[PDB]
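Residues per chain, in single letters:
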Amino acid sequence: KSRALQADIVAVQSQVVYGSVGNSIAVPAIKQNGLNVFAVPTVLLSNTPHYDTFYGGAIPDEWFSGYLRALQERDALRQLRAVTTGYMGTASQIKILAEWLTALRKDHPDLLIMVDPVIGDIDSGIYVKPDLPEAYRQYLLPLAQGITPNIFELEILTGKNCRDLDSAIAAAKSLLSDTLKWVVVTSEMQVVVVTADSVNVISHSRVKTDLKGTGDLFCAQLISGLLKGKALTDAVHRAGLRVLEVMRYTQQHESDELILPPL
Amino acid sequence: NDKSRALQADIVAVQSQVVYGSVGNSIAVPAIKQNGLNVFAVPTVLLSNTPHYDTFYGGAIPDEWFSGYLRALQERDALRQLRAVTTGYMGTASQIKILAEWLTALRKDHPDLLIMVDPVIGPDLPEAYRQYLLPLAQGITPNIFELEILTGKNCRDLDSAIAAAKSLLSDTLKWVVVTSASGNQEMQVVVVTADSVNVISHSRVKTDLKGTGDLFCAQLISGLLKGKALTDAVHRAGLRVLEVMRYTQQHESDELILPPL
Ligand SMILES: Cc1ncc(CO)c(C=O)c1O
Ligand SMILES: Cc1ncc(CO)c(C=O)c1O
């Protein structure tokens, strides 16, 4: 009874008509690892707000709710192996998103969910809808099987520890459970992998640049190796090396926007 | 002029975009991309899938968004390499006015800009094109139903339809590619440039697969920015559409599926 398109992933996040970020850099990343995917956009702008202008807004909680729901009526989740979340637009979309996911596993009990808590940074955090960090903790976390937060996106989520690598691992540890299997804490110059029992600390050297999307690149390359048979740490180390690569090529290319080189 | 450290592209395709599916940019951008051509696609509507299904969600982009989007590309300075711009299924009519305006602007720094326009019609849509868009296109691809309403003329033969195309050429509008499916169905196409008339035909399969045109166009343009002579290009892109459909036929897909280049 299957003749409708099918896909591995159902990545839900930001989409730009200009710039490398959100599904506008992740989908191409995915496709390269030989994988099908569906991009359900949360917001739909012109460019990145951090630019100088930027137009467009967020997809309404009635359209965006239809999209996901559509992928189920169309029956294209026959080969679904994962769902990933990125830049959100409203804590209501996040609630919506959850309800959808929650119904999912009852058919895809082996579903992989991967959330990226897009909320803060060093300059200043919560540079997003203030309501998002609550929606994250109350709704979209009790499902994640492995999240990729950073030192500050982790402080907000746990209401816990700070700048001590240990304090961090602790806080991460306090997050694991039956559903959450792992956690990739960042601050990418130092990346700690905290498994349900074990700890790995990968570390490379990052260059200076205001390019946005690496997070989306990284995460993308991460679900790729994981949905391809790579071990956790092994997988991470690759999605991370890849992003350092990607960044060189655009610096070499002299372009304030990411550029997906070959495979 | 100093180098532009921003993203660039040859086309600025403008039409629909479906989360699930193969219509509009959702199939254009890929088709384009295959011929090794960069492109900025500007949405017009954002629907779950195409309306011709049991169910579909979404609507049409806010004028303001739809505008800022356009204005954007420029404030970002990512058009130095542009050469074309192609319309597609439009949500409103105001959009066209705006899309026009913008074009009007662009057309001042890019005198060699080829504007292709598909009269995706089948309420107010007629006029907006007549008044705002039509007067700008350097080429268009309406079918019989589309050429009839866009000229207000009727035409059930070569001469008739032809004269119509002729009755739309000018100092800006250069050619007029018309198409029809006679029925199963045939491809029946006619290339009505001002100084000549070509008519290419093909035998096509029987399907409910949409997007063939968006693709065809998507391809047509590509082959055109590659210095391929019109008529020649028109054929190829026609051929392309069939090839891809066969490919999809085999895989038995209810949506289109791009093979290799
Ligand atoms: C459009 C868009 N996409 C993705 C991100 C996060 O990388 C941001 C962060 O501000 C954004 O604005
Ligand atoms: C949304 C949408 N976009 C484009 C087309 C024509 O390719 C159709 C044809 O029905 C459509 O419904």
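**Describing the interface of chain B and chain A**
Okay, so step 1: With 37 residues of chain B in contact, the opposing surface of chain A contributes 38 residues.
Okay, so step 2: Considering only the surface of chain B that becomes buried against chain A, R5(B), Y20(B) and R76(B) emerge as the three largest contributors, covering 24% of it.
Okay, so step 3: If you look at where chain B meets chain A, you find three salt bridges.
Okay, so step 4: Between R5(B) and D256(A) there is a salt bridge, with its nearest N and O atoms 2.6 Å apart.
Okay, so step 5: Scanning the region where chain B abuts chain A turns up 13 residue pairs in polar contact.
Okay, so step 6: At eight residues, the largest contribution of residues to the side of chain B that touches chain A is made by helix α2 (residues 63-76) of chain B.
Okay, so step 7: Of the residues contributing to the side of chain B that touches chain A, the split by class is 20 nonpolar, nine polar and eight charged.

**As for the sheet that holds strand β9 (residues 198-202) of chain A**
All names here are of chain A.
Okay, so step 1: Spatially, the four strands line up as an open sheet ordered β6-β7-β8-β9, and their pairing is mixed. The open sheet has two edge strands, β6 (146-147) and β9, and neither has a second partner.
Okay, so step 2: Examined bridge by bridge, strand β8 (residues 191-195) and β9 share five bridges and lie antiparallel to one another. In the sheet register, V193 faces β9, and the bridge partner there is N200.

**Comments concerning the pairing of strand β7 (residues 182-186) of chain A**
Residues and elements named next belong to chain A.
Okay, so step 1: Within β7, five of the five residues are buried, leaving the element largely enclosed by the surrounding structure.
Okay, so step 2: Residues of β7 alternate between two faces, with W182, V184 and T186 on one and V183 and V185 on the opposite face, all of them buried.
Okay, so step 3: In terms of strand pairing, β6 meets β7 through two bridges, oriented parallel. Residue pairing across strands places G146 opposite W182, the latter belonging to β7.
Okay, so step 4: Pairing analysis gives five bridges linking β7 to β8, with the strands arranged antiparallel. Its bridge partner being in β8, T186 is matched across the sheet by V191.

What counts, and at which threshold
- Residues numbered from 1 in each chain as written, not as in the entry; some residues may be left out.
- Chains lettered and ligands numbered in written order.
- Heavy atoms only, no water.
- Residues with missing side-chain atoms left out of burial classes, pairs and counts.
- Contact = heavy atoms within 4.5 Å.
- Buried area = accessible area lost by both parts, 1.4 Å probe.
- Salt bridge = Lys/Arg side-chain N within 4 Å of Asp/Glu carboxyl O.
- Polar contact = N/O pair within 3.5 Å; in protein donor to acceptor, adjacent residues only side chain to side chain.
- Helix = DSSP H or I, 4+ residues; strand = E, 2+ residues; numbered from the N terminus.
- Nonpolar A, V, L, I, M, F, W, Y, C, P; charged D, E, K, R; others polar.
- Pairing = 2+ DSSP bridges.
- Buried < 20%, exposed > 50% of the residue type's maximum accessible area, 1.4 Å probe, protein only.

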